[PDB]
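Asks: Here it is: the structure, laid out below.
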Amino acid sequence: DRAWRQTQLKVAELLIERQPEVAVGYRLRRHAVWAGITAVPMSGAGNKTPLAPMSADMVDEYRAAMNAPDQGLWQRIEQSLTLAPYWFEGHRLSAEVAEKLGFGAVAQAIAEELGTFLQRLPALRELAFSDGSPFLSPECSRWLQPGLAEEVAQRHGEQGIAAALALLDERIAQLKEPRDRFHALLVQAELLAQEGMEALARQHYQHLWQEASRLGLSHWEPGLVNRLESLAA
Amino acid sequence: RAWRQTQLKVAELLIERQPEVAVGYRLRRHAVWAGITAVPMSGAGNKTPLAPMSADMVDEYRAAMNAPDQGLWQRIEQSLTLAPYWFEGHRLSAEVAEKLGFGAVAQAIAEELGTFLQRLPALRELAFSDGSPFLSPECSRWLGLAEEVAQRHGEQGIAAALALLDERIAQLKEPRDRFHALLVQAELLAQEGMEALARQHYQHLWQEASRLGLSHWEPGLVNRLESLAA
Amino acid sequence: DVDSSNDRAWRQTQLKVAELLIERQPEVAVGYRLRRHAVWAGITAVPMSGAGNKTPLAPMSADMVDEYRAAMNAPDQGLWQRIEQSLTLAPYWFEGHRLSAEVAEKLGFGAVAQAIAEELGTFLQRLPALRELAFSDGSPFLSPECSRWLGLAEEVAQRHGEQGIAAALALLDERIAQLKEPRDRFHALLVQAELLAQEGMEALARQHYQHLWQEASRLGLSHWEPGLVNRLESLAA
Amino acid sequence: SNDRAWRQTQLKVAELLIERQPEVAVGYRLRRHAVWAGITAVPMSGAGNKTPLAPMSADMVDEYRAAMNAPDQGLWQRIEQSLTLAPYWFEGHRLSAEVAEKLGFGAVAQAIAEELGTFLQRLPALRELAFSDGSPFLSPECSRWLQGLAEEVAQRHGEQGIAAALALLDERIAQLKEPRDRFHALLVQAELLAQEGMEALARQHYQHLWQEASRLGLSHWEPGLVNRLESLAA
């Protein structure tokens with residue numbers, strides 16, 4: 001089970017060595033590193049963890065070497081994060097290398113793989129190292145960010161849920177037809193089941209399936225009604 | 001061979017011990033497609049000599065869609081591993097992944113096929129020996145009715161615009177859909193010039209709308225459906 | 001089974017019973033207490049400490065501890081059964097008790113959940129020093145988290161003040177999960193609204209307040225408990 | 001018949017858990033589960049709630065009442081062993097707690113009580129029944145042992161008489177704007193009239209209360225209350 005972790009890291013380095021433009025190896029690494037983490041590190045004091053940051057100096061050569069990068073620098077920056085996982089700042093720099101070296105195919109596959117880790121444990125956005133600095137830095141948050149059903153599930157992935165609902169707000173502020181408003185509330189109901197609060201949401205679905213059978217939407221758009229009714233239990 | 005099939009056993013595990021996981025599927029593709037840089041030899045009609053997936057077998061899979069499991073999903077996935085070009089399996093594998101709740105994998109499977117098609121664009125055009133295309137129109141959409149019919153009425157005539165609309169409607173079950181279809185037909189009839197016989201149709205719609213109280217559910221529809229009767 | 005006198009076999013006798021009790025009637029607290037006594041009655045005096053108030057003892061496998069918090073959101077009798085087997089072998093794993101009780105509360109035996117907490121308080125009241133000790137690695141026996149636990153707009157409104165809005169909502173899920181009366185559910189749904197407005201999402205709440213006013217009015221809660229109706233109304237324009 | 005040995009098993013261990021530690025609850029707590037878990041629903045009442053079950057020989061009880069001033073551990077064992085053979089004899093469970101409260105076993109008495117409270121909350125029908133000779137299951141001083149409106153009012157009904165309670169119920173209504181509050185207030189008035197012994201007057205009050213709820217449509221809003229009200233009017 002930790003012999004498997006290695007097997008992935010060996011295969012990840014062999015896929016990358018044979019094709020640095022191809023990110024499918026670069027991803028396999030993030031899994032061998034992050035798929036063992038089943039829950040965040042513990043905190044307490046204003047959200048701080050029992051794990052120190054990247055030793056002050058070690059960051060600086062990297063930062064210095066970025067204006068003059070080669071294939072070497074990156075192979076040393078990738079190593080660092082197989083050992084320092086919550087150093088998300090690293091991924092920002094590990095990506096800025098693929099940019100200049102012309103492997104943009106990997107520059108986004110890194111942001112996209114990190115986004116799939118922060119989204120699976122959204123508490124990490126909040127957490128900070130023992131010295132105080134945040135797992136996710138102001139600079140690194142901006143790095144991961146550029147119908148309405150799709151406009152919120154993406155925002156539910158880039159930011160947490162408090163931004164997925166803050167979005168849903170200003171959207172409804174301009175919504176005349178009720179059909180549109182009701183569909184907007186069907187978002188809030190899926191956005192909770194997506195977030196994992198099946199019970200609270202199942203209760204919008206109960207009160208939404210009754211508000212539709214009152215309006216008589218079974219004689220017009222009954223597919224909406226038959227799903228809301230299975231979505232109540 | 002071993003380096004190709006090493007990638008496949010590592011992909012089978014990242015799926016056996018974690019089917020909801022995206023990255024294990026991505027590896028299976030790179031095993032299947034990375035050792036293909038030159039698209040196949042073709043002929044008249046861009047047809048390759050590569051035989052397509054069995055006719056009897058694509059029906060079988062297509063048959064188990066309203067009753068899908070993991071067992072199923074493991075032979076669609078094995079098929080698009082053996083016959084590397086049958087891209088229909090990648091829609092099929094992604095519909096099963098969307099149905100089975102693993103929605104994360106669905107957006108991916110389309111993106112991995114999408115990555116492979118930007119590299120070797122030549123595969124879009126191509127087809128198999130029997131004649132069947134690599135990419136079927138239904139899978140390209142995987143990557144409204146007014147404008148569609150208005151276009152047909154302009155290109156061909158109202159005779160065939162109506163003919164089009166006959167077939168769309170054959171496959172609409174929902175009343176909201178069907179009512180919009182007849183709504184269209186009123187416009188087709190008014191653009192063609194028969195403005196009076198449309199007014200008639202516009203009314204029966206505005207009467208049918210209020211009768212279902214659609215003012216409380218798309219008042220704009222009713223608001224506008226009235227103005228059309230005049 | 002058989003009963004025995006000989007301090008080893010009696011620790012077992014007690015356990016091959018307590019398991020059988022909890023197996024036969026899992027909603028019932030007595031089997032669990034009998035388990036708590038099969039463990040902590042042996043312990044007559046606190047284990048010796050050293051420097052920094054630590055002991056020569058093994059803290060619970062962080063990886064086996066993390067593995068449980070993952071399974072918390074979606075709990076079963078499978079999970080609870082093997083949290084119990086871990087509370088056993090590691091007597092001083094007090095955080096686990098909170099977890100075993102949080103599972104019993106979610107699974108729907110709040111009877112048990114309250115029992116657990118009291119049984120633990122007993123074993124604390126007996127050897128009070130256990131509140132100040134810690135395992136070899138420094139990870140404490142009893143954390144502030146596990147100590148505080150020893151109607152709803154009251155409860156939740158503050159859960160937002162200490163975390164973000166997301167934790168408040170999460171709280172509310174385990175609550176409405178366990179409410180069969182529609183007036184309590186309604187009050188809960190109401191609270192969700194009260195919450196959004198307080199966060200600052202003033203537009204997305206009116207639509208909830210409206211689906212309420214137009215749902216109360218519907219039931220005749222104007223002819224009974226109309227202080228509700230009149231206040232809902234003033235949440236629309 | 002196999003859960004015979006299972007009940008005995010639960011007792012032996014109780015016997016032991018107490019022998020080893022008379023100052024610790026669980027032993028006693030298990031003894032309860034051995035006796036009340038098999039009891040799933042109350043016994044058939046007759047002429048004035050008299051259940052066909054005999055009671056504790058008053059002489060045998062007098063004896064225990066005798067010993068109460070000078071209490072020993074040997075007494076306590078016979079109370080408990082008796083209350084093991086007379087499942088519903090709740091007076092024994094007060095006598096055990098009293099014995100235990102004097103002998104310095106303060107948290108045991110508490111437990112001895114909580115466990116009864118549990119059983120009564122489970123099958124509340126027991127509170128009102130009584131034995132063949134009409135001696136009460138939950139006796140006068142025993143319900144006093146285990147004690148915001150029906151809270152405050154039936155509290156006043158026991159301390160002062162019934163009129164003092166009715167008197168209070170009155171001054172509460174004086175401020176109860178919302179019909180829900182008032183409805184409860186009349187609901188208490190009914191409970192209290194059954195607690196004083198006039199069954200049919202309370203029944204008549206319950207009849208008009210459910211028929212009033214049903215007509216306000218509470219079945220889709222506080223269905224618990226409406227289904228309680230429904231049976232109380234049988």
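The chains in the structure tokens are called A, B, ... from first to last as shown; in each chain the residues are counted from 1, and the ligands are counted from 1 in the order shown.
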Can you build me a table of chain B residues sitting at most 6 Å from chain A, with the closest atom pair per residue and its distance in Å to one decimal, using only C-alpha atoms, sorted by chain and residue number, as a Markdown table?
Replies:
```
| residue | atom | partner | partner_atom | distance |
| --- | --- | --- | --- | --- |
| B:174 | CA | A:221 | CA | 5.6 |
| B:175 | CA | A:220 | CA | 5.1 |
| B:176 | CA | A:220 | CA | 5.2 |
| B:217 | CA | A:179 | CA | 5.0 |
| B:218 | CA | A:177 | CA | 5.2 |
```
Asks: Give me, as number ranges by chain, the contact residues of chain D against chain C at a cut-off of 6 Å, counting only C-alpha atoms.
Replies: D: 178-180, 221
Asks: So which residues touch range 123-132 of chain D within 10 Å, counting only C-alpha atoms, skipping near sequence neighbours fewer than 2 positions away, as a PyMOL selection string?
Replies: chain D and resi 39-56+88-90+117-121+134-139+143+195
Asks: Can you list, as a VMD selection string, every residue of range 35-170 of chain D that DSSP puts in helix (DSSP H, G or I)?
Replies: chain D and resid 35 to 36 58 to 67 73 to 85 90 to 102 106 to 122 124 to 128 140 to 145 150 to 159 162 to 170
Asks: Take the selection from the previous step and output its residues with C-alpha atoms, as a PDB file, in the first residue's frame.
Replies:
```pdb
ATOM      1  CA  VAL D  35     -35.995  -7.223  34.073  1.00  0.00           C
ATOM      2  CA  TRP D  36     -37.554  -4.588  31.804  1.00  0.00           C
ATOM      3  CA  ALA D  58     -47.536  -5.498  52.472  1.00  0.00           C
ATOM      4  CA  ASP D  59     -45.978  -7.318  55.495  1.00  0.00           C
ATOM      5  CA  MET D  60     -42.837  -8.064  53.515  1.00  0.00           C
ATOM      6  CA  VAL D  61     -42.827  -4.314  52.606  1.00  0.00           C
ATOM      7  CA  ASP D  62     -43.567  -3.105  56.133  1.00  0.00           C
ATOM      8  CA  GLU D  63     -40.436  -5.018  57.142  1.00  0.00           C
ATOM      9  CA  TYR D  64     -38.368  -2.953  54.614  1.00  0.00           C
ATOM     10  CA  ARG D  65     -40.011   0.230  55.824  1.00  0.00           C
ATOM     11  CA  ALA D  66     -39.090  -0.887  59.340  1.00  0.00           C
ATOM     12  CA  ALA D  67     -35.436  -1.197  58.604  1.00  0.00           C
ATOM     13  CA  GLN D  73     -26.007  -3.463  52.799  1.00  0.00           C
ATOM     14  CA  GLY D  74     -27.918  -6.690  53.531  1.00  0.00           C
ATOM     15  CA  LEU D  75     -31.231  -4.841  53.515  1.00  0.00           C
ATOM     16  CA  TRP D  76     -30.434  -3.208  50.184  1.00  0.00           C
ATOM     17  CA  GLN D  77     -29.807  -6.622  48.667  1.00  0.00           C
ATOM     18  CA  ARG D  78     -33.198  -7.956  49.630  1.00  0.00           C
ATOM     19  CA  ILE D  79     -35.037  -4.792  48.322  1.00  0.00           C
ATOM     20  CA  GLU D  80     -33.218  -5.152  45.010  1.00  0.00           C
ATOM     21  CA  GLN D  81     -33.605  -8.900  44.904  1.00  0.00           C
ATOM     22  CA  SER D  82     -37.345  -8.381  45.532  1.00  0.00           C
ATOM     23  CA  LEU D  83     -37.586  -5.709  42.853  1.00  0.00           C
ATOM     24  CA  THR D  84     -36.132  -8.277  40.618  1.00  0.00           C
ATOM     25  CA  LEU D  85     -39.058 -10.614  41.057  1.00  0.00           C
ATOM     26  CA  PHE D  90     -41.741   0.834  41.509  1.00  0.00           C
ATOM     27  CA  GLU D  91     -41.911   1.600  45.215  1.00  0.00           C
ATOM     28  CA  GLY D  92     -38.960  -0.788  45.607  1.00  0.00           C
ATOM     29  CA  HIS D  93     -36.922   1.348  43.219  1.00  0.00           C
ATOM     30  CA  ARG D  94     -37.619   4.379  45.529  1.00  0.00           C
ATOM     31  CA  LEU D  95     -36.663   2.328  48.602  1.00  0.00           C
ATOM     32  CA  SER D  96     -33.414   1.306  46.915  1.00  0.00           C
ATOM     33  CA  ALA D  97     -32.571   4.838  46.064  1.00  0.00           C
ATOM     34  CA  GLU D  98     -33.364   5.920  49.653  1.00  0.00           C
ATOM     35  CA  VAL D  99     -31.228   3.078  51.069  1.00  0.00           C
ATOM     36  CA  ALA D 100     -28.469   4.063  48.648  1.00  0.00           C
ATOM     37  CA  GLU D 101     -28.850   7.828  49.338  1.00  0.00           C
ATOM     38  CA  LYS D 102     -28.304   7.391  53.091  1.00  0.00           C
ATOM     39  CA  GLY D 106     -25.197   9.279  45.815  1.00  0.00           C
ATOM     40  CA  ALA D 107     -24.575   8.662  42.138  1.00  0.00           C
ATOM     41  CA  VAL D 108     -26.113   5.118  42.411  1.00  0.00           C
ATOM     42  CA  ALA D 109     -29.417   6.446  43.612  1.00  0.00           C
ATOM     43  CA  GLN D 110     -29.366   8.908  40.751  1.00  0.00           C
ATOM     44  CA  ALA D 111     -28.892   6.055  38.351  1.00  0.00           C
ATOM     45  CA  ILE D 112     -31.503   3.819  40.011  1.00  0.00           C
ATOM     46  CA  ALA D 113     -33.860   6.729  39.224  1.00  0.00           C
ATOM     47  CA  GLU D 114     -32.768   7.627  35.729  1.00  0.00           C
ATOM     48  CA  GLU D 115     -33.289   3.934  34.711  1.00  0.00           C
ATOM     49  CA  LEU D 116     -36.885   3.862  35.994  1.00  0.00           C
ATOM     50  CA  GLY D 117     -37.501   7.298  34.343  1.00  0.00           C
ATOM     51  CA  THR D 118     -36.293   5.645  31.212  1.00  0.00           C
ATOM     52  CA  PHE D 119     -38.677   2.711  31.513  1.00  0.00           C
ATOM     53  CA  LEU D 120     -41.635   4.938  32.292  1.00  0.00           C
ATOM     54  CA  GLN D 121     -40.864   7.252  29.383  1.00  0.00           C
ATOM     55  CA  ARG D 122     -40.824   4.120  27.183  1.00  0.00           C
ATOM     56  CA  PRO D 124     -45.875   5.746  29.867  1.00  0.00           C
ATOM     57  CA  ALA D 125     -49.097   3.700  30.176  1.00  0.00           C
ATOM     58  CA  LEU D 126     -47.604   2.210  33.333  1.00  0.00           C
ATOM     59  CA  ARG D 127     -47.826   5.421  35.363  1.00  0.00           C
ATOM     60  CA  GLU D 128     -51.585   4.977  35.716  1.00  0.00           C
ATOM     61  CA  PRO D 140     -47.937   8.677  45.318  1.00  0.00           C
ATOM     62  CA  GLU D 141     -44.549   9.358  46.900  1.00  0.00           C
ATOM     63  CA  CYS D 142     -42.776   7.598  43.985  1.00  0.00           C
ATOM     64  CA  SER D 143     -43.960  10.035  41.310  1.00  0.00           C
ATOM     65  CA  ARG D 144     -42.868  12.912  43.619  1.00  0.00           C
ATOM     66  CA  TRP D 145     -39.426  11.225  43.757  1.00  0.00           C
ATOM     67  CA  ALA D 150     -47.585  21.315  32.084  1.00  0.00           C
ATOM     68  CA  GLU D 151     -44.129  21.388  33.686  1.00  0.00           C
ATOM     69  CA  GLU D 152     -45.084  24.271  36.015  1.00  0.00           C
ATOM     70  CA  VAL D 153     -48.768  23.394  36.444  1.00  0.00           C
ATOM     71  CA  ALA D 154     -48.763  19.665  37.242  1.00  0.00           C
ATOM     72  CA  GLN D 155     -45.874  20.692  39.551  1.00  0.00           C
ATOM     73  CA  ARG D 156     -48.331  23.053  41.333  1.00  0.00           C
ATOM     74  CA  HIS D 157     -51.051  20.313  41.199  1.00  0.00           C
ATOM     75  CA  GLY D 158     -48.926  18.032  43.397  1.00  0.00           C
ATOM     76  CA  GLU D 159     -47.558  20.686  45.837  1.00  0.00           C
ATOM     77  CA  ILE D 162     -55.919  20.919  42.211  1.00  0.00           C
ATOM     78  CA  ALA D 163     -57.559  24.306  42.648  1.00  0.00           C
ATOM     79  CA  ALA D 164     -54.180  26.040  43.040  1.00  0.00           C
ATOM     80  CA  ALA D 165     -53.205  24.585  39.675  1.00  0.00           C
ATOM     81  CA  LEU D 166     -56.447  25.628  37.994  1.00  0.00           C
ATOM     82  CA  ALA D 167     -55.870  28.965  39.603  1.00  0.00           C
ATOM     83  CA  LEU D 168     -52.464  29.262  37.934  1.00  0.00           C
ATOM     84  CA  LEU D 169     -53.530  27.866  34.593  1.00  0.00           C
ATOM     85  CA  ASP D 170     -55.960  30.777  34.750  1.00  0.00           C
TER      86      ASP D 170
END
```
Asks: Please indicate the distance in Å from CA of residue 61 in chain C to CA of residue 10 in chain A, rounded to one decimal place.
Replies: 27.3 Å
Asks: My list of candidates is C:236, C:171, C:46, C:58. Which is closest to residue 202 in chain C when distances are computed with only C-alpha atoms?
Replies: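 Residue with the minimum atom-to-atom distance to residue 202 in chain C: C:236.
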Asks: Counting only C-alpha atoms, collect the residues of chain A whose closest atom lies at most 6 Å from chain C, and write them out as a PyMOL selection string.
Replies: chain A and resi 39+169+197+199-200
